[PDB]
Amino acid sequence: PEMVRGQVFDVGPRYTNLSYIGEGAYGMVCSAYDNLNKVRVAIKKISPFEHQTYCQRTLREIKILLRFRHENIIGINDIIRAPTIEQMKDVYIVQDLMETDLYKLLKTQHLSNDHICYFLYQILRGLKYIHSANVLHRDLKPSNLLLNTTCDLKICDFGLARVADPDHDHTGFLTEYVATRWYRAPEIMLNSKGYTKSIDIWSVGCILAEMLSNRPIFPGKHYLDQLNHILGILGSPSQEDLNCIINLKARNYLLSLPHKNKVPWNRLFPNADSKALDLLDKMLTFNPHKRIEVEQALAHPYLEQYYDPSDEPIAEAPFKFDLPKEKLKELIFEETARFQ
Ligand SMILES: C#CCNC[C@H]1O[C@@H](n2cnc3c(N)ncnc32)[C@H](O)[C@@H]1O
């Protein structure tokens, strides 16, 4: 069996001529020739079975992506693994080959306003479908937005996704760890478990800001620093917004801070389209109840050239609503059976 800059890709006779793309903590991504469909594809090797949390992330990714079907969400074309649980040590997820991702692209490329608009439209179109399935992505960031050579955008990595649960969203101060730090909404550090759809809209707002300047807007240097950066730009929350935080430790932390003025978006981004900045402000709104929702964002004047609700589909069957790793391996084996 073929081996790439590390170890073997047991991707059988169907996929050949492998080429390394990138790596991970328990996986490697290669491109490969699909001898059946006569096109090169991406293949992600995943080896998660020794750790319960790895099994959790892998099962979520597989289960969600197999149920979703949307132009702005990466699909799973094939899954390769051993014919028996006993022999299954790795799982290979086969996907359309994408040229780059938004993280790699922003490292060297300035985006025209037309590309910012197009990318943002596609992100929100995909997000509308995800949210319509009652699912939260919970880790939206540039590296989880794939792009092919014609700038078709596909959301990927649902390993941290959850079913929305707003009735159980409240928690205490400085406990929660949702999303990647730079894309984490202020309430995560204050009183939220990240179980409502507003968590994803905040991340999209951070991504829009980053598209406007090729720098993260809130580059917290560690978990505690992140709120400093958010409040340094948004300014002090209003009395009404504080009155919405019943938790006393969270509210009193904010009350302990000196008054900070808002930094205007047009001083941070003087070349940006004014409609883009208006939408940015509504996504990066401190109060998660006042934060714009995905269908409102699609209808915003900035996106008027693309907005078409009849071409912004929703999921047929939403998701309506602990396990040892051995049960999780069983479920992964069951979930991947359709490809044998
Ligand atoms: C997480 C993680 C590791 N990703 C490593 C590399 O895989 C790349 N990747 C993941 N899926 C695809 C993909 N479907 N096509 C091309 N590259 C992909 C991603 O851009 C990154 O360079």
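Sequence positions, counted from 1, serve as the residue numbers for this chain. Hydrogens, waters and symmetry mates play no part in the numbers below; they use all other heavy atoms, side chains included.
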Kindly say whether [Y] contributes a backbone atom to a donor-acceptor pair with the side chain of [X] at under 3.5 angstrom?
| X | Y | value |
| --- | --- | --- |
| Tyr129 | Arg69 | yes |
| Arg138 | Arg162 | no |
| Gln87 | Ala82 | no |
| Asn287 | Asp241 | no |

If you draw a 6.0 Å radius around [atom1] in [X], do more than 12 non-hydrogen atoms from other residues or ligands fall strictly inside?
| X | atom1 | result |
| --- | --- | --- |
| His168 | NE2 | no |
| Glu240 | CD | no |
| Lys260 | NZ | yes |
| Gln305 | CD | no |
| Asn243 | CG | yes |
| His300 | NE2 | yes |
| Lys249 | NZ | no |
| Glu335 | CD | yes |

Practice item. Starting from the C-alpha separation in whole Å, work towards a yes-or-no answer on salt bridge (charged side-chain N to carboxylate O under 4.0 Å, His left out) for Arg14 and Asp78. Key: CA-CA 11 Å; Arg14 179 167 165 193; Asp78 196 8; 3.4 Å; yes
Under a 4.5 Å side-chain heavy-atom rule over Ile, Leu, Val, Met, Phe, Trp and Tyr, are [X] and [Y] clustered together?
| X | Y | value |
| --- | --- | --- |
| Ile217 | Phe286 | yes |
| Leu160 | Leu136 | no |
| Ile123 | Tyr103 | no |
| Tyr195 | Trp202 | no |
| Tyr177 | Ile199 | yes |

For residues [X] and [Y], is any side-chain donor paired with an opposing acceptor at under 3.5 Å?
| X | Y | value |
| --- | --- | --- |
| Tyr183 | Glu210 | yes |
| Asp169 | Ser192 | yes |
| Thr150 | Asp152 | yes |

Of all heavy-atom pairs between [X] and [Y], which one has the smallest distance, and what is that distance?
| X | Y | result |
| --- | --- | --- |
| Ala185 | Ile230 | C-CD1, 4.5 Å |
| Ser132 | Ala315 | OG-N, 2.9 Å |
| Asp10 | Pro1 | OD1-CB, 3.2 Å |

Between [X] and [Y] (salt bridge meaning N to carboxylate O under 4.0 Å), is one present in this structure?
| X | Y | result |
| --- | --- | --- |
| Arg181 | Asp225 | no |
| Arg125 | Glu71 | yes |
| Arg57 | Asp139 | no |

Study note, to complete from the structure: residues 264-279 vs salt bridge (charged side-chain N to carboxylate O under 4.0 Å, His left out), sequence neighbours excluded, gives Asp278-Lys282
Contacts of type side-chain contact (heavy atoms from CB on, under 4.5 Å), residue [X], not counting sequence neighbours:
| X | answer |
| --- | --- |
| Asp90 | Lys45, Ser47, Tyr92 |
| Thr16 | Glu2, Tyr33, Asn35 |
| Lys128 | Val294, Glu295, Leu298, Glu312, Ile314 |
| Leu174 | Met189, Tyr223, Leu224 |

Practice item. Classify the ring geometry between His51 and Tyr54 as parallel (under 30°), tilted (30 to 60°) or perpendicular (over 60°). Key: perpendicular
Exercise for review: Using the six-membered ring wherever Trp is involved, compare the ring planes of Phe319 and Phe68 and label them parallel, tilted or perpendicular (cut-offs 30° and 60°).
Suggested key: perpendicular
Practice item. Look up atom CD1 in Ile62 and atom CD1 in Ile93, then write down how far apart they are to the nearest 0.5 Å. Key: 4.5 Å
**Study point:** Residue list, ring pair (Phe, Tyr, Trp, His ring centres under 6.0 Å) with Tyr121, at least two apart or on another chain
**Key:** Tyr306
Check your understanding: Please walk me through it: do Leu146 and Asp96 pass side-chain contact (heavy atoms from CB on, under 4.5 Å)?
Key -> CA-CA 10 Å; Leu146 307 171; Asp96 297 335; over 6 Å; no
